[PDB]
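J.: The structure that follows is given in the form of structure tokens.
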Amino acid sequence: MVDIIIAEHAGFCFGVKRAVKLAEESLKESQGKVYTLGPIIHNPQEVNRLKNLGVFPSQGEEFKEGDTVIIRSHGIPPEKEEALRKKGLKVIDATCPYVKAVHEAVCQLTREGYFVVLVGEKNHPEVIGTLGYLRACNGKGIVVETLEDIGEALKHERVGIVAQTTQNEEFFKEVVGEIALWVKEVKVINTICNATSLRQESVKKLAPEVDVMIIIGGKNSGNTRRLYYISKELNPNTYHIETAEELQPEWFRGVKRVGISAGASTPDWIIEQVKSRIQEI
Amino acid sequence: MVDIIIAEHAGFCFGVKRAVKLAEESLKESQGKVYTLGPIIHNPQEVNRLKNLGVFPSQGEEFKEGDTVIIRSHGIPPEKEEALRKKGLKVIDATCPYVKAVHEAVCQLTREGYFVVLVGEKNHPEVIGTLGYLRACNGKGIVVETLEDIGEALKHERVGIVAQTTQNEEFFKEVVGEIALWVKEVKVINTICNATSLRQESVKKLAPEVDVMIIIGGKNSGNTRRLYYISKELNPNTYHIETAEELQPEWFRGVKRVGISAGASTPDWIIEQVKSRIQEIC
Ligand code: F3S
Ligand code: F3S
């Protein structure tokens, strides 16, 4: 009956959790120095935590033969991964399985004879990686970041459409419907990942079943704010905090249940410091 | 007189023009009585013209062995076409080539393992015929007429989407985008016919380039009424008419260029009646 519960999918998404796990496990039996190919995520504290364990964020090309290099969740072009192996590095591929699914999808579409449209941000490392995969399987295509970008694809009778894993649904729906009006045949493989949905649906499920909701994340964190607001409309008894320091004793008078979730940038140890600060109250 | 320009694409689309011509030509090979399966178009004067030639709009199942029946541009289920053949009728298939392409597309999508969504009007004869093809090729699918209809397609991982030839693009765009957000793999074969778009854009270009615009068609013709509004927006001197009788001499005072178009249900002989009455006014 009685419960103080952490919402499933709280904090880091699947891919990042897995990348962190892979990094940590690489330290066991590492004969050389262990590097991530740049910082493993944009969270300085977590990058710092990993550095303290011996997982170093690479600056350039400083790793040498026998060192371990971990490919980030966004992946890299296949020829770059190959170049790293050729240097004698032990390569740990932490590319997100959802990202790998995009790699596979652009190759599938090429085999099926489609000109490929990748809906996403041109300069993004994930997109650059996927273009490398498209190239390697002898595919052709373009990145569509705004509606103006679709012109080249409209020259083709058969267009295959995929998404950057973090592509906004609204623009994706718009691109797909617009291209469909102009060309003979369109095939869409929806490669948008389910991370944000998973986190948010889980909060919607928990919030009406607890007395108070703690939503952890940066004050100015956009996605934590969304989580807060989703929780808020179901449970007016909802607090958005950054660290266990804010958990005020008075908030838990007469509560039998406490729900916790956290924004995409919050590591599990911060979620844990909050849990233990509450179990005290 | 003055300069009269009939807008490009005024009147019957390719498929209806073709159906009319096939109907007329069948008289030269028909030993029995010639029928269209229902009135060939929704225009009483055109149906009457064809009736006077010996092409009769069927009312029920009155045709007999040896008679000719003409399938309309919208097509029919394949088992009904076969039923007609089995009754010993000479069956002329005047289904539009573009409607036949929808029939082809639902079967192709079925072979490729898709659950089919047909975006269109459930009770429309074109849609009924296409469902008959989908059924014939052991396919499965639904008609999506409003957005609430998509529910059943969302149960499937692979959805193929086609359109009734006359489906509006705005709804088709919405359905395609929406289904794509919910299912793993979507294939769209865009079977929307451009005949309505061409007709409208030709009016768009002609409207400001003439003194008066004449739009011909039945009042109950929805797409004739759209031709009127589109024109009336770009040139105040747009008048919608059903007959040359309605042409007021008043409208053609001090005019140099006259534009004429017509809705999808207007035969060329009506457009000529209007043109030469305008020439009689000037
Ligand atoms: S890293 Fe993440 S946000 Fe999605 S593509 Fe992978 S679960
Ligand atoms: S009857 Fe017509 S409007 Fe298009 S689908 Fe065929 S030309």
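Chain identifiers are assigned as A, B, and so on, following the order in which chains appear in the structure tokens; residues are numbered from 1 within each chain, and ligands are numbered from 1 in order of appearance.
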For residue 181 (chain B), find every residue with an atom within 9 Å (counting only C-alpha atoms), except residues of its own chain fewer than 2 positions away, and show them as number ranges by chain.
T.: A: 169, 172-173, 190, 192; B: 176-179, 183-184
J.: Would you please give, as a ChimeraX atom specification, all residues of region 6-88 of chain B that DSSP assigns to helix (DSSP H, G or I) based on the backbone?
T.: /B:14-26,44-53,78-86
J.: Could you please tell me, as a PyMOL selection string, which residues of chain B have an atom within 10 Å of chain A when using only C-alpha atoms?
T.: chain B and resi 158-162+169-192
J.: Quick one: everything within 7 Å of region 127-131 of chain A, counting only C-alpha atoms, minus sequence neighbours fewer than 3 positions away in the same chain. Send it as a list in words.
T.: residues 75, 76, 77, 102, 103, 120, 121, 122, 123, 124, 134, 135 and 164 of chain A
J.: Neighbours of region 258-261 of chain B within 8 Å (only C-alpha atoms; same-chain residues fewer than 3 positions away dropped), as a list in words?
T.: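 Selected residues are residues 2, 3, 4, 5, 6, 7, 8, 9, 10, 11, 203, 206, 207, 210, 211, 212, 213, 214, 215, 216, 255, 271 and 275 of chain B.
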J.: Output N, CA and C atoms of each residue in that selection to a file, as a compact mmCIF listing (two decimals), in the first residue's frame.
T.:
```txt
# COMPACT_ATOMS: atom_id res chain seq x y z
N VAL B 2 -15.96 41.18 -79.84
CA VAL B 2 -14.75 41.38 -79.03
C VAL B 2 -13.91 40.09 -78.93
N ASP B 3 -12.94 40.08 -78.02
CA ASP B 3 -12.08 38.92 -77.83
C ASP B 3 -12.59 38.01 -76.71
N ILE B 4 -12.95 36.77 -77.07
CA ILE B 4 -13.44 35.79 -76.09
C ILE B 4 -12.39 34.72 -75.87
N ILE B 5 -11.97 34.53 -74.63
CA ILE B 5 -11.03 33.46 -74.33
C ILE B 5 -11.64 32.44 -73.37
N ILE B 6 -11.74 31.21 -73.86
CA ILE B 6 -12.16 30.09 -73.02
C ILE B 6 -10.93 29.61 -72.25
N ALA B 7 -11.03 29.63 -70.93
CA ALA B 7 -9.94 29.22 -70.05
C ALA B 7 -9.54 27.77 -70.32
N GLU B 8 -8.24 27.52 -70.25
CA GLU B 8 -7.74 26.17 -70.35
C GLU B 8 -8.33 25.30 -69.23
N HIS B 9 -8.73 24.08 -69.58
CA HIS B 9 -9.34 23.13 -68.63
C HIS B 9 -10.80 23.43 -68.23
N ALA B 10 -11.44 24.42 -68.87
CA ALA B 10 -12.88 24.65 -68.67
C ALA B 10 -13.65 23.35 -68.95
N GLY B 11 -14.53 22.96 -68.04
CA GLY B 11 -15.46 21.87 -68.31
C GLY B 11 -14.93 20.53 -67.91
N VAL B 203 -8.35 29.60 -64.10
CA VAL B 203 -9.25 30.72 -63.77
C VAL B 203 -8.50 31.82 -63.02
N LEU B 206 -6.51 33.71 -65.64
CA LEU B 206 -7.33 34.43 -66.61
C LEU B 206 -8.11 35.60 -65.99
N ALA B 207 -8.62 35.39 -64.77
CA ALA B 207 -9.48 36.39 -64.10
C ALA B 207 -9.05 37.87 -64.20
N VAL B 210 -8.76 39.88 -68.00
CA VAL B 210 -9.96 40.13 -68.81
C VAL B 210 -10.90 41.11 -68.09
N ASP B 211 -11.83 41.70 -68.83
CA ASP B 211 -12.81 42.62 -68.25
C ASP B 211 -13.93 41.91 -67.48
N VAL B 212 -14.51 40.88 -68.09
CA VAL B 212 -15.57 40.11 -67.45
C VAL B 212 -15.21 38.64 -67.47
N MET B 213 -15.51 37.97 -66.36
CA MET B 213 -15.37 36.53 -66.22
C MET B 213 -16.75 35.88 -66.18
N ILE B 214 -16.95 34.89 -67.04
CA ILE B 214 -18.15 34.04 -67.03
C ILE B 214 -17.80 32.63 -66.55
N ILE B 215 -18.48 32.18 -65.50
CA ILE B 215 -18.30 30.84 -64.94
C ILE B 215 -19.59 30.04 -65.16
N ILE B 216 -19.48 28.94 -65.91
CA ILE B 216 -20.65 28.15 -66.27
C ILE B 216 -20.73 26.87 -65.42
N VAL B 255 -16.62 46.32 -73.22
CA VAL B 255 -15.68 45.25 -72.88
C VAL B 255 -14.73 44.98 -74.06
N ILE B 271 -20.56 25.43 -73.32
CA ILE B 271 -19.56 26.50 -73.40
C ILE B 271 -19.59 27.25 -74.75
N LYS B 275 -20.38 31.14 -75.52
CA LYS B 275 -19.43 31.90 -76.34
C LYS B 275 -20.11 32.63 -77.50
```
J.: Within 12 Å of residue 228 (chain B), counting only C-alpha atoms, which residues show up once you throw out same-chain ones fewer than 5 positions away? Write them as an MDAnalysis selection string, please.
T.: chainID B and resid 199:200 203:204 207 213:219 221:223 233:242 260:263
J.: Neighbours of ligand 1 at 6 Å or closer, counting only C-alpha atoms and all ligand atoms: which residues, as a PDB file with C-alpha atoms, in the first residue's frame?
T.:
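part_17.pdb was written with the following content:
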```
ATOM      1  CA  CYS A  13      16.834   8.721 -21.349  1.00  0.00           C
ATOM      2  CA  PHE A  14      17.503   5.117 -22.288  1.00  0.00           C
ATOM      3  CA  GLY A  15      20.376   5.871 -24.636  1.00  0.00           C
ATOM      4  CA  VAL A  16      22.269   8.102 -22.211  1.00  0.00           C
ATOM      5  CA  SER A  73      24.933   8.237 -28.053  1.00  0.00           C
ATOM      6  CA  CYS A  96      21.905   4.890 -29.016  1.00  0.00           C
ATOM      7  CA  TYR A  98      17.349   4.452 -31.623  1.00  0.00           C
ATOM      8  CA  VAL A  99      20.077   6.262 -33.487  1.00  0.00           C
ATOM      9  CA  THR A 165      15.569  10.818 -33.023  1.00  0.00           C
ATOM     10  CA  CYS A 193      12.480   8.127 -30.170  1.00  0.00           C
ATOM     11  CA  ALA A 195      12.122   9.175 -24.494  1.00  0.00           C
TER      12      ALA A 195
END
```
J.: Applying 8 Å and only C-alpha atoms, which residues near region 9-11 of chain A remain after dropping the ones on its own chain fewer than 5 positions away? List them as a PyMOL selection string.
T.: chain A and resi 195+198-199+202+260-268+271
J.: If you keep N, CA and C atoms, can you produce a file of those selected residues as an mmCIF file, in the first residue's frame?
T.:
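Dumped everything to result-v8.cif:
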```cif
data_model
loop_
_atom_site.group_PDB
_atom_site.id
_atom_site.type_symbol
_atom_site.label_atom_id
_atom_site.label_comp_id
_atom_site.auth_asym_id
_atom_site.auth_seq_id
_atom_site.Cartn_x
_atom_site.Cartn_y
_atom_site.Cartn_z
ATOM 1 N N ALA A 195 11.574 8.762 -25.789
ATOM 2 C CA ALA A 195 12.122 9.175 -24.494
ATOM 3 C C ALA A 195 11.248 10.171 -23.716
ATOM 4 N N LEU A 198 7.764 8.708 -22.810
ATOM 5 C CA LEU A 198 7.932 7.743 -21.721
ATOM 6 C C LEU A 198 8.035 8.467 -20.383
ATOM 7 N N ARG A 199 8.892 9.481 -20.326
ATOM 8 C CA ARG A 199 9.059 10.258 -19.105
ATOM 9 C C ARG A 199 7.750 10.944 -18.716
ATOM 10 N N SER A 202 4.662 8.615 -17.717
ATOM 11 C CA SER A 202 4.935 7.994 -16.429
ATOM 12 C C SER A 202 4.582 8.943 -15.273
ATOM 13 N N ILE A 260 8.269 10.879 -7.266
ATOM 14 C CA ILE A 260 9.428 11.621 -7.756
ATOM 15 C C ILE A 260 9.668 11.354 -9.237
ATOM 16 N N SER A 261 9.921 12.417 -9.990
ATOM 17 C CA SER A 261 10.479 12.256 -11.329
ATOM 18 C C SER A 261 11.522 13.340 -11.539
ATOM 19 N N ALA A 262 12.165 13.356 -12.697
ATOM 20 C CA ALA A 262 13.240 14.308 -12.952
ATOM 21 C C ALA A 262 13.394 14.571 -14.436
ATOM 22 N N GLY A 263 13.839 15.787 -14.757
ATOM 23 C CA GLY A 263 14.101 16.185 -16.131
ATOM 24 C C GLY A 263 15.214 15.365 -16.772
ATOM 25 N N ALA A 264 15.321 15.489 -18.093
ATOM 26 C CA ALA A 264 16.261 14.697 -18.901
ATOM 27 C C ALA A 264 17.749 14.833 -18.546
ATOM 28 N N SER A 265 18.099 15.872 -17.783
ATOM 29 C CA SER A 265 19.506 16.170 -17.499
ATOM 30 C C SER A 265 19.922 15.762 -16.096
ATOM 31 N N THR A 266 18.991 15.177 -15.352
ATOM 32 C CA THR A 266 19.228 14.834 -13.953
ATOM 33 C C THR A 266 19.714 13.376 -13.842
ATOM 34 N N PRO A 267 20.923 13.174 -13.286
ATOM 35 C CA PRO A 267 21.479 11.836 -13.057
ATOM 36 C C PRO A 267 20.807 11.155 -11.868
ATOM 37 N N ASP A 268 20.878 9.825 -11.828
ATOM 38 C CA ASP A 268 20.209 9.021 -10.806
ATOM 39 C C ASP A 268 20.662 9.280 -9.369
ATOM 40 N N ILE A 271 18.648 12.102 -8.075
ATOM 41 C CA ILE A 271 17.333 11.542 -7.764
ATOM 42 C C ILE A 271 17.405 10.770 -6.435
#
```
J.: Counting only C-alpha atoms and all ligand atoms, which residues of chain B fall within 6 Å of ligand 2, and what is the closest atom pair for each with its distance in Å at one decimal, ordered by chain and rising number, as a Markdown table?
T.:
```
| residue | atom | partner | partner_atom_place_in_ligand_line | distance |
| --- | --- | --- | --- | --- |
| B:13 | CA | ligand 2 | 2 (Fe) | 4.6 |
| B:14 | CA | ligand 2 | 7 (S) | 4.3 |
| B:15 | CA | ligand 2 | 1 (S) | 3.6 |
| B:16 | CA | ligand 2 | 1 (S) | 4.8 |
| B:73 | CA | ligand 2 | 1 (S) | 5.2 |
| B:96 | CA | ligand 2 | 6 (Fe) | 4.6 |
| B:98 | CA | ligand 2 | 5 (S) | 4.7 |
| B:99 | CA | ligand 2 | 5 (S) | 5.5 |
| B:165 | CA | ligand 2 | 5 (S) | 4.9 |
| B:193 | CA | ligand 2 | 4 (Fe) | 4.6 |
| B:195 | CA | ligand 2 | 3 (S) | 4.9 |
```
J.: Select from region 8-148 of chain A everything DSSP, run on the backbone, classes as strand (DSSP E), then give the selection as number ranges by chain.
T.: A: 34-36, 55-57, 68-71, 90-93, 115-119, 141-144
J.: Put those residues in a file: N, CA and C atoms, as a tab-separated table (two decimals), in the first residue's frame.
T.:
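Saved result, again-v1.tsv, follows:
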```tsv
chain	number	residue	atom	x	y	z
A	34	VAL	N	40.91	5.54	-20.60
A	34	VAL	CA	39.54	5.49	-21.12
A	34	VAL	C	39.01	6.90	-21.41
A	35	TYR	N	38.59	7.08	-22.66
A	35	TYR	CA	38.05	8.34	-23.15
A	35	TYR	C	36.64	8.19	-23.71
A	36	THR	N	35.81	9.20	-23.49
A	36	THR	CA	34.62	9.40	-24.33
A	36	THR	C	35.04	10.36	-25.46
A	55	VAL	N	37.13	8.12	-16.60
A	55	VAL	CA	36.57	8.22	-17.96
A	55	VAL	C	36.73	9.69	-18.36
A	56	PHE	N	37.66	9.91	-19.27
A	56	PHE	CA	38.04	11.26	-19.65
A	56	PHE	C	37.37	11.74	-20.92
A	57	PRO	N	36.81	12.96	-20.90
A	57	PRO	CA	36.29	13.52	-22.13
A	57	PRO	C	37.41	14.00	-23.06
A	68	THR	N	41.08	3.34	-24.82
A	68	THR	CA	39.66	3.01	-25.09
A	68	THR	C	39.00	4.32	-25.46
A	69	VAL	N	38.21	4.31	-26.53
A	69	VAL	CA	37.40	5.45	-26.93
A	69	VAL	C	35.93	5.05	-27.01
A	70	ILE	N	35.07	5.81	-26.37
A	70	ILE	CA	33.64	5.51	-26.33
A	70	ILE	C	32.90	6.50	-27.25
A	71	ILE	N	32.20	5.97	-28.26
A	71	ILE	CA	31.44	6.77	-29.23
A	71	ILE	C	30.17	7.24	-28.46
A	90	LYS	N	40.68	0.70	-28.63
A	90	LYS	CA	39.57	-0.16	-28.32
A	90	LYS	C	38.29	0.64	-28.36
A	91	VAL	N	37.43	0.37	-29.35
A	91	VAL	CA	36.29	1.24	-29.58
A	91	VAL	C	35.07	0.68	-28.89
A	92	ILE	N	34.45	1.47	-28.03
A	92	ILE	CA	33.20	1.05	-27.40
A	92	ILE	C	32.07	1.88	-28.03
A	93	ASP	N	31.14	1.20	-28.70
A	93	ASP	CA	30.15	1.93	-29.43
A	93	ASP	C	28.93	2.16	-28.58
A	115	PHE	N	14.80	8.19	-52.69
A	115	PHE	CA	15.64	9.33	-52.39
A	115	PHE	C	15.30	9.68	-50.94
A	116	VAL	N	16.31	9.89	-50.10
A	116	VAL	CA	16.06	9.96	-48.69
A	116	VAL	C	16.00	11.38	-48.14
A	117	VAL	N	14.97	11.64	-47.36
A	117	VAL	CA	14.88	12.90	-46.64
A	117	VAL	C	15.03	12.63	-45.14
A	118	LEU	N	15.97	13.32	-44.49
A	118	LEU	CA	16.21	13.12	-43.05
A	118	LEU	C	15.75	14.44	-42.43
A	119	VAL	N	14.68	14.39	-41.65
A	119	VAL	CA	14.12	15.61	-41.04
A	119	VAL	C	14.87	15.84	-39.73
A	141	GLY	N	20.40	11.59	-50.64
A	141	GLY	CA	19.36	12.27	-49.91
A	141	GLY	C	19.83	13.57	-49.34
A	142	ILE	N	18.93	14.21	-48.61
A	142	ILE	CA	19.19	15.54	-48.02
A	142	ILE	C	18.62	15.62	-46.62
A	143	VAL	N	19.09	16.64	-45.90
A	143	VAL	CA	18.53	17.01	-44.60
A	143	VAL	C	17.49	18.10	-44.79
A	144	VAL	N	16.32	17.91	-44.18
A	144	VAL	CA	15.29	18.95	-44.19
A	144	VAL	C	15.11	19.53	-42.79
```
J.: Fewer than 6 positions away in the same chain doesn't count, so skip those; otherwise give me all residues within 9 Å of residue 137 (chain B), counting only C-alpha atoms, as a tab-separated table (two decimals) with C-alpha atoms, in the first residue's frame.
T.:
```tsv
chain	number	residue	atom	x	y	z
B	106	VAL	CA	-4.64	-0.73	-53.22
B	107	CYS	CA	-3.67	-4.07	-54.63
B	110	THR	CA	-1.76	-5.28	-50.19
B	111	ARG	CA	0.96	-7.35	-51.95
```
